[PDB]
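Working notes, beginning with the structure itself.
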Amino acid sequence: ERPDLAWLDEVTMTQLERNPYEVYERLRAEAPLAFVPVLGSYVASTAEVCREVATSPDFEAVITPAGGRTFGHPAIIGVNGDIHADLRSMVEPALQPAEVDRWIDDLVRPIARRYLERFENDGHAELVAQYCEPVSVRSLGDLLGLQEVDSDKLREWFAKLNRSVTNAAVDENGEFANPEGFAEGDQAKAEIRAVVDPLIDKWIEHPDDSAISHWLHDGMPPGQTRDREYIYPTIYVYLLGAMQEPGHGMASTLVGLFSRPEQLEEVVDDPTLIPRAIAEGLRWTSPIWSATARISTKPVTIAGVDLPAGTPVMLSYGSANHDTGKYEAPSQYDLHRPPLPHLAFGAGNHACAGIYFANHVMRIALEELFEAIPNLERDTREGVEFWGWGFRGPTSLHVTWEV
Ligand code: HEM
Ligand SMILES: COc1cccc(CO)c1O
């Protein structure tokens, strides 16, 4: 429709998944709010527009089309009003900073050690599969009450949900171009139900300290629980993003550090710099790159575009975090970048609920890794490929060290 952006008609889903940064560099200059045909939606690409939409009184949450097809209702990310308030009150207790501080070290550090012990003497490893993902899912899985679900299984589930939720491509008529791509999301949900339904059966009668048990019981009248159909979509939200993203963030941080060997040495020497390293890692390759959205509730003008009521806008926070209006040479990882606001945790009433927890998981994981393997080196025989438009991170991270 917009004539000067006719080139967007030729952007493909595969291109965006392999590397979205060239398209979005053009969008940030040409059209900070732009309709992207293959995505079937307006996309916000700059920090100013993403923050405005995410915080505007004239927008509310909406799930992406493929997200809705996968998760259904009421996913915490796609609802508003009283239901959203209830789901936030449901998830927030275990994520409160004073609560996290009571137990985060005893949760994550033994897990990180357990996975590290399996390879720390090998001289080689693929850190995504052998460390970053397992620590992320085992930590959250235990908190949730999924101790008996193997980390291999939790990792398979968030891979399948990832592909289903980001199966966004639409055809000439605005219909999903790849409908068969939702089948593995449906199969993941069926497997999750088979595992989690018995656990919920038990928690209803025998509550414990698991987070899901508290989701069922907290704030409810005596003898009542939240219906499982009311909480399952948020369970799925967790089994995707909350399981995947801390692993993504640690891995991207390491890749960035490896790209700046002088900076990797600083952080290994001085582990108090790990939080700063992680913050730059999240800006540099945002794990949740473009997975959430808002919808206008009345006619509104954003970045010169007159939007009718009912218009969805995807928030490409990963692009916003490369806004050259804010950052110098944003495509380069720089630990010594001045600490500035970023949008990797979103903004507004639907901003990330688990920031404090996530930052500690990533921190502890990197602390233990650098303690166990101070001479870590990237395996330069294998390149690092990043994949993902909706969620983005490295597909593998081959490293070596002198044993
Ligand atoms: C580095 C790791 C993580 C990153 C980068 C991340 C980022 C985000 C982003 C971008 C959103 C959408 C915000 C928006 O639409 O404005 C979000 C939502 C959310 N995240 Fe995080 N997340 C991470 C880890 C986690 C973890 C571990 C948990 C739970 C233990 C969690 C819980 C949630 C919840 C519940 C929401 C939905 C909030 C709502 O819609 O009201 N996140 N996250
Ligand atoms: C915490 O998990 C998520 C956060 C934001 C988006 C999604 C899925 O679109 C998630 O699963």
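Start at 1 and count along the chain as shown; that gives each residue its number.
Per deposition record, X-ray crystallography, 1.8 Å.
Each Cβ is built from the backbone N, Cα and C atoms, and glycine gets one as well.
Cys352 (heme binding site) carries neither a helix nor a strand DSSP state and counts as coil. Cβ neighbour count for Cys352 (heme binding site) (all protein chains, 10 Å cutoff from its Cβ): 18. Swiss-Prot lists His84, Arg88, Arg294, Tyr317, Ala347, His350, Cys352 with the feature heme binding site, giving experimental evidence as the kind of evidence.
According to Swiss-Prot, the substrate binding site annotation covers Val237, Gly241. For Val237 (substrate binding site), other Cβ atoms within 10 Å of its Cβ number 23. Reduced to three states, the DSSP call for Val237 (substrate binding site) is helix.
Across the structure, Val237 (substrate binding site) and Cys352 (heme binding site) place their CA atoms 12 angstrom apart. Checking the binding-site residues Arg294, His350, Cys352 against ligand 1, the ones whose Cβ sits under 6 Å from it are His350, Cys352.
Around the Cβ of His350 (heme binding site), the number of neighbouring Cβ atoms within 10 Å comes to 23. Reduced to three states, the DSSP call for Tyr317 (heme binding site) is helix. Contacts of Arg294 (heme binding site) defined by a Cβ separation under 8 A and a same-chain sequence distance of 6+ are given as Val53, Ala54, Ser56, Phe59, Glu60, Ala61, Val62, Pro312, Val313, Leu315, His350, in order along the sequence.
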